[PDB]
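Two separate entries follow, structure 1 and structure 2, each one form of the same protein chain as structure tokens.
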Structure 1
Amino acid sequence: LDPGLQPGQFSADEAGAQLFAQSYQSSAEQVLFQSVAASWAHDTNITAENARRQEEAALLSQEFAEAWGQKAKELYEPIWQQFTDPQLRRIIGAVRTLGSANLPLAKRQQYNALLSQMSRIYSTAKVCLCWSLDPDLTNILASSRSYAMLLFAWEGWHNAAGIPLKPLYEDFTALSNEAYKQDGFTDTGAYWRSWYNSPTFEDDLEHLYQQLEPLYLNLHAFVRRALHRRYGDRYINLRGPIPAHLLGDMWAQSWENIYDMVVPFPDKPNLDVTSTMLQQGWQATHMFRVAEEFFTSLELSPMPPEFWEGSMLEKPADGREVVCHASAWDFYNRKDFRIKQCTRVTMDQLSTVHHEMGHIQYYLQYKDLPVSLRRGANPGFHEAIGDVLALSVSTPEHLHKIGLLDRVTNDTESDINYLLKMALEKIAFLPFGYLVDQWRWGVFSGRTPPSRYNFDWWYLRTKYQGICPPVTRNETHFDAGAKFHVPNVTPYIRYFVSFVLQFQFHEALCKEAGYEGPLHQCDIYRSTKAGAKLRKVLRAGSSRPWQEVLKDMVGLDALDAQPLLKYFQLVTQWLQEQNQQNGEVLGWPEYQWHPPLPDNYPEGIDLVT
């Protein structure tokens, strides 16, 4: 470790911890910057050499974290928890957690290499006869309504990404648990859960899911019916799980892309404004500037020049390999902040632009916190910020204000269309956002050994989402591996928490804004009072317990499903009424059912390609 980056000495009391924390800060930003810059260089340009450089940056990071971690322990192990400065305790608490820096050098190099090769496997996989995930497979899952085309993209992707990840994923799991066990955690999953600082976290989440499950079951039954009328009885079983490739999305995780097949009242205004965006010639640039302008309408910060100069806002045309999966980047120098997105001109992509910009906004607002506290109050708060604004943006009235929806209507049919569309996006995602980390928590705990990765993945997929793989799978397949966050080692339960929390946020901001109609017709655009209430959250970083931040924001100190249930209530009732009238079976009691192959599959793919 460079002499300038090493910890000096400090007294072993709270006054010394403060100076220790201050000293840490100046060197930490340098080390984080070097590591984020190296990750940037690799992910906007995947080469063997950028991976080597990123690996060396990561090793430096581990070195730094071991030296300051061990010094914090040496000086403050018996006492940090009794510090009266609460922010100080949080800082030390962080520094003293070593993670992968617990491993010996050789295992740290194994770990860093595994992260790099798992990433490269996922981001460079392709399906031949060659398509990329982004844009090619994405566009197909979204837009194609051909059974065989969808199947070829689904199977190709899962086979191409998942199969080779499996041996690496095994080795990564063992090394990750080895590292965090030295921090005191029974497994890495227990470390990830600790961020919520809640002893009844898992029971609380199960309780949430129980209240939400009936909305998902009724939405599932209604979409299953629409798919049945289009694909017929051979490929859709009105009492069985839905084939996992027909829902608009590679992971079936949100269903917005099939809205055009399930829209209840077609002669109402068309709420998918993609065609209008294209017709009007929108590009990436316009999308980010319109999101930006929402944030400044609230008197939040604009994106700085460095964001505009450095971001990657479209997939590069030189065909260099990039990680297309959208992401928001804090360089830790309080100046560089960027988004890396292979933006496509589509309505769901306008939301993803808002999603990523919500991360940027948090980073802008907390940049002056001590480095350890530049995080959301919990990970689910970071995930909710952009989605809350996107809730206002998607409303018909808002879209009318930004030229994206010429016709205006306010009737019970138009409401149902909008709430249904919103339900495809938000409700359909619930089981998937809940299940992913159940699977990974079982893998980290050893309950799911490698001999059951796929079995236990499809157990949970059918249990919660009521889908089934459209070709047979066995334990040579690693279908969890074909989802970004798994090889990328990004936790998922944050997105389940976010999907509840954002409705709590929306409710509170809309009330603060002075709005007084139906929750799902609220637009907080240009509300400077909503803006101020949101800014208090963002500015807090992780300096304070998330329960208390939440309580100051919305008036309650817990996750609560009531705001989501209230926003969706008109369509929740309507879906239940429609499924009753059609005689539907709620759920999938034919749990073993899987569709047949299409005749002449895959031989005839060239006919529909």
Structure 2
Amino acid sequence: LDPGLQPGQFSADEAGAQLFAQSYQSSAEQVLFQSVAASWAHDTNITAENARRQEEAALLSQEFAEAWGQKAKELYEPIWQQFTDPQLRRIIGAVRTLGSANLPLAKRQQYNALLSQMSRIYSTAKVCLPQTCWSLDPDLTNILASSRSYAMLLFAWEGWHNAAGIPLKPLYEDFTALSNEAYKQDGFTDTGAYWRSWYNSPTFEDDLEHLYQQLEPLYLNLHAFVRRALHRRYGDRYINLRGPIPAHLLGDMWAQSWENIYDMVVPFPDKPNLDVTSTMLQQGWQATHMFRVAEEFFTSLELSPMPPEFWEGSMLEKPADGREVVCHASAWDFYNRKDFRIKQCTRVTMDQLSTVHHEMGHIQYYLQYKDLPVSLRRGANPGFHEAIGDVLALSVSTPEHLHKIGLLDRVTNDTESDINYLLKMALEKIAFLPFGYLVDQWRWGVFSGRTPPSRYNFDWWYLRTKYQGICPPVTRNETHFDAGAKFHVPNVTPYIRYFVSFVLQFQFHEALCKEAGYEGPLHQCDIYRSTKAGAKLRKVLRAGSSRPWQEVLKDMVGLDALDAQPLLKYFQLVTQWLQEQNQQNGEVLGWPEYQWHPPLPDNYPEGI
């Protein structure tokens, strides 16, 4: 490591730790910036040379973290928890956690290789036919979303899970062992305990379960309503009105979001859909204007505009020069207090306008906490960033807001269109809740050893049926590794944050709507042009992770805890309607025939 980047001499007391932390920040910004810039250069210009430069930068960052982490532990391990400065305790406490840097040199290289291999297996997995082959993006995704042929959906679902999961299993086993070995040296019983420690809650798992108990009735009613609709479409041979739903029929490879089957379940189909896409096109909107419109939403709250560096450096539309890029939208903090960017192959549609606002919500977060020490430039807990992005989108998606920005002449007030709106939202927000909760329950069991490799798939499908009420549409056994067929598993990205953020965002919404002086149905609230809501946002965002998330949340919503009631209050109208619908049809809530699996279609897979 360059001598100017490794730590010098510092004294083993709090005053010395302040100097240590300031010197850490100076070098850390350089290291962090070069890593983000190298990822940016690759993700906006995918070449092998750029991929190589990115790996160089990542390994420099790892080397930096180990050098400063070992120094921090040598000097402050027995004393940092008694420092009087709480932000210093947060900084030092993070620096002394080495993760994979605790592994012997060859194991550390193996750990990094496993991460790269697992990521590559997932991104190149494909489903071949009895011939060309399909890729997850966009081939299989579009089949799951729009095909209504049971056997076709089945072929894509089975093909993908076998292709992505099976080769991952031997690697995931080795990753699990090395990951645990590394974090045991940081003082954690296993990797899952380290992930959970980010929430700094002695009763995190109990708190989560109590939350889900309050949410489960809404999911069960949505599940039974949708299961009825599927029964009408595919018949009694493939749909058990008292059993789990076959996992490939909900519009999504993982059945985590059901909005792609909205057309089957529309409460009131005779009402016009809400889609202002064509009006955007007639008004001449393009990607840049969409971002300027999003920017004006933030300035209307007296939040910060996008700085010139954002407009100069961002990739707001797919480059015309034929460059290969990552088109999925993402927001970038370069950790130099200067460069902040969005990378998105923006298209001119209503849904994309909502995404622009969401992603700019991430940028606004970055800009508000950019004067904090680098270690504290993150959300108050790992679920805050998505919750901030999503709460802004909750306002911007309403017909009320679309009217105000010139995209919808007349706002209807018939209750039937309200139900349609809420049911569409529920297919996205409520259907996801069991999946967001269960993924890390599976990984926590794997990390702790309660789920050895011999029961990876058994415990995966236990959780999937228990919470989502689905079953695999073909028989599975322990040669299959269906957890591996979800991006975040081989790419080792924690997941409970997303369940947390789905709860949080409705807590945020209620608080901000009240601060905005809004009165009426929560799902019609738009905080646009409320400087009082903007002030309340500003105080959460500028805090970064400098303070306990429970206290930041208390200042914002008046409660120091996650709470499911604001979500239930948002959806109360459609929850009521679903209950009535299910009781009119005499539905069984749940899946009492838990052993049920559907049969294979005749002569599978010689089909169209």
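By rigid core we mean the largest C-alpha set that fits within 1.5 Å across both forms. Quick note, the numbers are simply positions in structure 1, starting from 1.
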| item | value |
| --- | --- |
| Conformational change between the two structures, one of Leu98, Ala174, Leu460, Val290, C-alpha moving 2 Å or more after core fit | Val290 |
| Exceeds or equals 2 Å, Cα of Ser542 between the two structures, core fit | no |
| Is_shifted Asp204 between the two structures (CA, 2 Å cut-off, rigid core) | no |
| Rigid-core frame, C-alpha of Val262, shift of 2 angstroms or more between the two structures | no |
| Cα shift between the two structures at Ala41, which is computed once both forms share a superposed rigid core (Å) | 6.4 |
| Rigid-core-fitted C-alpha displacement of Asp523 between the two structures (angstrom) | 1.9 |
| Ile140: CA movement between the two structures [superposed on rigid core, Å] | 1.0 |
